[PDB]
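Engineer: Once you've had a glance at the structure underneath, I'll fire off some questions.
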Amino acid sequence: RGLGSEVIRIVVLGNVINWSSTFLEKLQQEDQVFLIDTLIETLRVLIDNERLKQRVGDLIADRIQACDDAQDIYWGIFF
């Protein structure tokens, strides 16, 4: 998180989808997706996540970039 702006979004989106398919937690998943919401928020002013943060991304960035019913919770949390 405290590294930069771009090496996250190039490679890590598919892998968070992967181990969201695997992981099973209740509460630290919430902390994860919410700090990632703030993450993509600080990536907003400087794309799929670009529209997801700027716009709501209703079934555009969510149907494409979100899955596992976890990123949808954060999408409902905020844009």
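Engineer: Rounded to whole Hz and in sequence order, give me ³J(HN,Hα) for segment 29-40 from the Karplus expression 6.51 cos²θ - 1.76 cosθ + 1.60, θ = phi - 60°, writing x for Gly and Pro.
Structural biologist: 4, 5, 4, 4, 5, 6, 5, 6, 5, 4, 4, 5
Engineer: Over the Cα atoms of the chain, what is the Rg over Rh ratio if Rh follows Kirkwood? Each step should come with its number before you reach the end.
Structural biologist: Numbers: Rg = 11.6 Å, Rh = 12.6 Å.
Computed over Cα atoms, the ratio is 0.92.
Engineer: Moving on to the next point. Quick one: net charge of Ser21's neighbours, Cβ under 15 Å, K/R +1, D/E -1? Display every interim value, and only then the final one.
Structural biologist: Numbers: positive: none; negative: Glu25, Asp68, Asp69, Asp72.
So the surrounding residues net to -4.
Engineer: Put +1 on the Cβ of every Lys and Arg and -1 on every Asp and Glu Cβ in the chain; which of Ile77, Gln28, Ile47 then has its Cα farthest towards the positive end of the dipole?
Structural biologist: So the residue furthest toward the plus end is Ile47.
Engineer: Quick one: putting +1 on the C-beta of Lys and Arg, -1 on the C-beta of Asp and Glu, what dipole do you get for segment 16-66 around its Cα centre, in Debye to the nearest 20? Mind showing how you got there, number by number?
Structural biologist: Details: 6 positive and 9 negative charges, 34 e Å.
Value, rounded to 20: 160 debye.
Values in this text are rule-based calculations from the coordinates and carry no lab data. Backbone-built Cβ (ideal geometry, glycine too); neighbour counts: all protein chains shown.
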